[PDB]
Amino acid sequence: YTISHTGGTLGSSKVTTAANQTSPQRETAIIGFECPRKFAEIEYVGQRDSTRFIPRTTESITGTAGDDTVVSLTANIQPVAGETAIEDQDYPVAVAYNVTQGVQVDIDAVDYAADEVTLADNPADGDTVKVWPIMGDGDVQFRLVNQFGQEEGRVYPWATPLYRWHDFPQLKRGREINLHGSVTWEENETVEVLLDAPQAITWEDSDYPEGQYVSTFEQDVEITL
Amino acid sequence: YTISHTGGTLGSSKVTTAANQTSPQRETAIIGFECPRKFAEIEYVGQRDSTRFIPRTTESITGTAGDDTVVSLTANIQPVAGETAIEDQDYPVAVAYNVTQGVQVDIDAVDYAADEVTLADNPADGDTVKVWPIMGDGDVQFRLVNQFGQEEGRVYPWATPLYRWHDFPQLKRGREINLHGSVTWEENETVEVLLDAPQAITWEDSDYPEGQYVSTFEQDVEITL
Amino acid sequence: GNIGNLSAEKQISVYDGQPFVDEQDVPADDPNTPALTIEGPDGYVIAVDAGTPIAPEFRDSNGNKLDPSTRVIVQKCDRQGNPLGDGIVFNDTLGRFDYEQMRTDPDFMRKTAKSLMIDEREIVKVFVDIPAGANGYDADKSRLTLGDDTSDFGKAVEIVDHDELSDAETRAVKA
Amino acid sequence: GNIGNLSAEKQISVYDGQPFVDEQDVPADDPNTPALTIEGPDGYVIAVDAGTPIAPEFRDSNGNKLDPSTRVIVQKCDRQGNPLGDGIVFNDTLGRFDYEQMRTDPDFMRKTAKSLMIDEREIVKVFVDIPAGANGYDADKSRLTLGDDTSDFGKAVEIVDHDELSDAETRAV
Amino acid sequence: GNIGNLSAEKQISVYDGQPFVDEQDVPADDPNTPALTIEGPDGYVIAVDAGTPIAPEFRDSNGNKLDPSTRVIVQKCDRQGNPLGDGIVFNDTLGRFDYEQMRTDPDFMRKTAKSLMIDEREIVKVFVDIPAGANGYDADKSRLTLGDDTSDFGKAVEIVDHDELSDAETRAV
Amino acid sequence: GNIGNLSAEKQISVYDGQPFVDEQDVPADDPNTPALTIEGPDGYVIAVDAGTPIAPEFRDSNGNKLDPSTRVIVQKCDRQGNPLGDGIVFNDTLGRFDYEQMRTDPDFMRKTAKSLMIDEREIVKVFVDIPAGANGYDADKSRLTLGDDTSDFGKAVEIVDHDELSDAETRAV
């Protein structure tokens, strides 16, 4: 006797784990989904139940004369759903915020190739601005952990690239992501979502304007009770 | 399917109503219990499900030299389950408040014969005091009222004297009041409790120290779902 | 929207202020004068089973008690006001009585001996045999209690309208 | 002058303005307060077959959309209106709902996963779990459109008055 | 050095300081907050029958008795935390009790109205519906008693471990 | 805490970043350069059915898409790097490709023609026939996605380890 649910950034309980990786090119555990006492079991079926991932990183710049262009963001950028115009995407490629004025900034233009952008707000000298663009390169996959602290194993050991999550219109049916493999939980067990990449994903940065979370991870699943 | 609930001063929702009587003696409609959309029906059975009812009134005085004693309060000051000392009782017969001082007061001595009392602090000339003794003599009973604002009938109509509620230890089993008769509400309909007495009931006097409800009326009842 | 249906044998208690009763202040030592006078209610019938309590709240004018040596008597009467000698239910004192829980604790409920059944126009009286030194009877400040209907204790008092040949036999109370 | 005999299963869709659905301005992070309360019509039965769309066009008082990471839940409750735990028809987020065409393209529509059945008195509640930072919920400037009764896509909501054996089996709750 | 073997049905009581029950101080007038929570002990099964007493000594931080007009509700919930509406056991006030002897004299002991059963994970919650005038609700200077495993009066709560046919019948919820 | 075992038949996708493929810079006047070298894994085996999607996101160093007069071919070779000639899967121009949505809409997906199989050593190569002008080719600012393992649309590439008779007949080139 089962129904469906979503596991997510917050999800059915505040016992999940939300951390960030390292810059040395060595994978870490971004997220930890631990089961509660409430439910007997959680089950995920690749090819059946969708998954969504909006990753996003953090950068910073200092203000000075002519500082309307933003440099290479250390990030292999792509457009969203293959579409470039920020005003016509399912979600922004990137956003930024002046701290000295304490507001959001709109973006004017892009160079996907050079990984650079162009803004309207020429800041002052000594100014401070922060940017949250989507994450580029990255290899992700799932992992299981028992109630002890042990790696039982991965799932379908072929890590998908990060950028495919950006590449498609994730909301539209048929194009949504359905990874592979299968997996089952239990009460004190903890699945983890793991990632390897150069750049530091972030969350819960207060200065972000369009929500209390820069970036999200969601997953449809089936549940016993 | 059935359960047991309590109808109360506030009950399952704030469609309940409460109001006072007149100074001449007449059956006035004191408190009305109206049924919600949440339930389907209600029942109350005398001789099975009990009822508690703590009435109290208001008087007041202005102070002067020598005013330790307070006069006959326009009611017969009964005992409390046959008891005399305020400390020893299930509830006070009498409470007092110095509003000029903005404080609660306690009692020194009592005289049920002359229906008088005598207090601790002689309040000042021009001082202001309010007092809440129990309701004196009077008669009380029930009534049904349909959705049309119209009567439908009374319930084991032997109007009960007031003093009997004060004369018992209402909590003690056996001594708990059980009235008589039966009743069955419907959805949008109301029952009323009515009263005749030479004094004015009070609730929600802001200056009262013990709680927000000097007087109460509560009843064990039976509900469908 | 029902209220339901009732019975005949209503269960009550009895006291002074009801409107089939007469209080009457009393001097020192005139026993023949009636303190309390029940009459029948003119149409109903009263019944008092035996083993039935009394709670007399008897006091003076000045709030205090009376002499413990006093005798309270409850006596049945004719339909006129005369005693009957026979048909007494109670003759005892007040020193044996305690007022602060006389209607609460059944172990404090001092009780009757005989049963009793009263018809339409009949009378019951209370009488008070006293010494000469006492301060009398201030009925405003004294009272009486007899039975209870809300509890399950002592025994409540029965009242009815008329049920037929049971009434024909009840009317055999005639001497 | 005929009317045409019509099936009493009337196929409609549902919104807030109707006089059996009440709204409630929500604070920041009260996921137990119901934003919307759907009381039965006091005389009919509603049926929602599985595979049924939603369009919960939610915004704030200033009019901007809520946070995408919001959780949105539809749940049946008892006749008192307390959640049954089980009996859910929907559980997902707002980011999964492109407001521009969430009710336009079947290729974008979000559908139910369960059947459902509401009597004259049974209650539905729409709960919203939000972080702290958001600008609440202004029902005066937001709305809901449950189902479709207009297009050859999607599905609708069946409403019926009382028929005998249908009621006989409907009271098998 | 013997002790005597035991029947499986252990007659006990329940109190606040046990490791399958949790307290939580409530604000002024929040009923939906569960003051007290009970959960199954993970391996045993509890059975309460009706006529089970309560000494629910609820007090404030200063310990003084609350507004007697306060309402108490006791209810079984699902395995998640959602009350049922069905399966309520108790609903009464405070001033119907008398803290001085509410657990002492049987004339002062209120009790339940129905039976109850707790599996390894089943949950019970206790709610308190209160006006604004409360001085809060301090659990440290308050407590609860359920069951009676000391006298001929009242009853005790039965507890068992898992036995085959007993648990097979138990899981018919 | 089971996971669910799998057969050998891994349904996957292919692109530049995996460690059995190497991109290479390409000037603009050679249809004979190994643009991509796709070498076997040395112990596992790949299979592709005809009717398999391609997404050849080729641009220049300045990010612009190249002249769609350019042609592209994907082709099998021997275990050394010599094209077999036959066994071609693809030959078309970039003008038939729409980088904005070429890997999303089935109505834009250019697919394979003939099936294909790659043993532990068999090589696939890509060849690009270009005119004189269009600014060469940079693979670091370009990529490719071969097959699709996420949708119901398109198909995925099959991979296996060594199972006996399957390999015995996979040697049937």
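Method of determination for the deposited model, per the PDB record: cryo-EM, at 3.8 Å resolution.

Q: Help me understand the packing of aromatic side chains, please; the structure alone is not making it clear to me.
A: Think of a pair of aromatic rings as described by two things: how far the centres are apart, and how the planes are tilted against each other in angle. Applying the stated rule across the entire model yields 19 aromatic pairs over all chains. Ring plane angle 55° and centroid distance 5.9 Å describe the contact between B:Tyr44 and B:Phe142, whose orientation is recorded as tilted. One end of the pair, B:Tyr44, is in strand 4 (residues 42-45); the other, B:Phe142, is in strand 13 (residues 139-145), and 98 residues separate them in sequence. There is no split in this pair, since B:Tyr44 and B:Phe142 are both buried. When the ring of C:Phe90 is compared with that of C:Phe97, the centres are 6.0 Å apart and the planes differ by 80°; the resulting orientation is edge-to-face. Across this residue pair, the class does not change: C:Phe90 and C:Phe97 are buried. Taken together through their ring pairs, the aromatic side chains of B:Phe33, B:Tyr44, B:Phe53, B:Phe142, B:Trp165 and B:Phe217 make up a single cluster. In this structure, E:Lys65 packs its charged tip against the face of E:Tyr99, placed 3.6 Å from the ring centre.

Q: What am I meant to see in the pattern of salt bridges here?
A: Pairs can form between side chains of opposite charge once their charged atoms are near each other. Counted under the stated rule, the structure contains 59 salt bridges over all chains. In this structure, E:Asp42 engages A:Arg37 in a salt bridge whose closest nitrogen and oxygen atoms are separated by 2.6 Å. Of this pair, E:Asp42 sits in the loop between strand 4 (36-39) and strand 5 (44-48) while A:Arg37 sits in the loop between strand 3 (28-34) and strand 4 (41-45), each in a different chain. Note on E:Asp42: relative accessible area 38%, which makes it partly exposed. Owing to a relative accessible area of 44%, A:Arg37 belongs among the partly exposed residues under this scheme. Of the charged contacts, one joins F:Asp129 and F:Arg71 as a salt bridge, the two residues approaching to 3.0 Å between their closest N and O atoms. A residue pair is termed long-range when its members are at least 10 positions apart, and F:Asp129 in strand 10 (residues 124-129) and F:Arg71 in strand 7 (residues 71-76) qualify at 58 residues.

Q: Even after reading the chapter, I still don't get the sheet that holds strand 7 (residues 88-93) of chain C, so can you show me in this structure?
A: Within a sheet, each strand pairs with its neighbour through backbone hydrogen bonds, oriented either parallel or antiparallel. All names here are of chain C. Taken together, the five strands give an open sheet; going across it, the order is 2-3-10-6-7, and neighbouring strands pair in antiparallel fashion. Strand pairing shows two members of the sheet lacking a second neighbour, strand 2 (21-22) and strand 7, which therefore form its edges. Pairing of strand 6 (residues 71-76) with strand 10 (residues 123-129), which is carried by six bridges, proceeds in the antiparallel orientation. Opposite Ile 73, over in strand 10, you have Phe 127 as the bridge partner.

Q: I keep staring at the sheet that holds strand 3 (residues 36-38) of chain D and nothing clicks. Help me out?
A: Residues and elements named next belong to chain D. Taken in spatial order, the five strands line up as 2-3-9-6-7 in an open sheet, and their pairing is antiparallel. Edge positions in the sheet fall to strand 2 (21-22) and strand 7 (83-93), since each of these pairs with one other strand and no more. Sheet topology places strand 6 (residues 71-77) next to strand 9 (residues 123-129); seven bridges connect them, and they run antiparallel. For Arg 71, the partnering residue across the bridge sits in strand 9 and is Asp 129.

Q: Mind showing me how you'd approach the domain arrangement of chain A here?
A: Size of an interface: often given as the accessible area lost when the parts come together. All names here are of chain A. Taken domain by domain, chain A comprises domain 1 (1-55 + 136-225) and domain 2 (56-135). Here the C-alpha centre of domain 2 lies 27 Å away from the C-alpha centre of domain 1. Opposite the 22 residues of domain 1 that make contact, domain 2 presents 24 residues. Each partner contributes to the roughly 2,000 Å² buried at the junction of domain 1 and domain 2, and carbon and sulfur atoms together form 53% of this total. Applying the counting rule to domain 1 against domain 2 returns two salt bridges.

The rules behind the values
Residues numbered from 1 in each chain as written, not as in the entry; some residues may be left out. Chains lettered and ligands numbered in written order. Part of a larger assembly, values for the part shown. Heavy atoms only, no water. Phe/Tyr/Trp six-rings, centres within 6.5 Å; stacked < 30°, edge-to-face > 60°. Helix = DSSP H or I, 4+ residues; strand = E, 2+ residues; numbered from the N terminus. Buried < 20%, exposed > 50% of the residue type's maximum accessible area, 1.4 Å probe, protein only. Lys NZ or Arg CZ within 6 Å of the ring centre and 35° of its normal. Salt bridge = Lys/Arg side-chain N within 4 Å of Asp/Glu carboxyl O. Pairing = 2+ DSSP bridges. Domains from an automatic or database assignment. Contact = heavy atoms within 4.5 Å. Buried area = accessible area lost by both parts, 1.4 Å probe.

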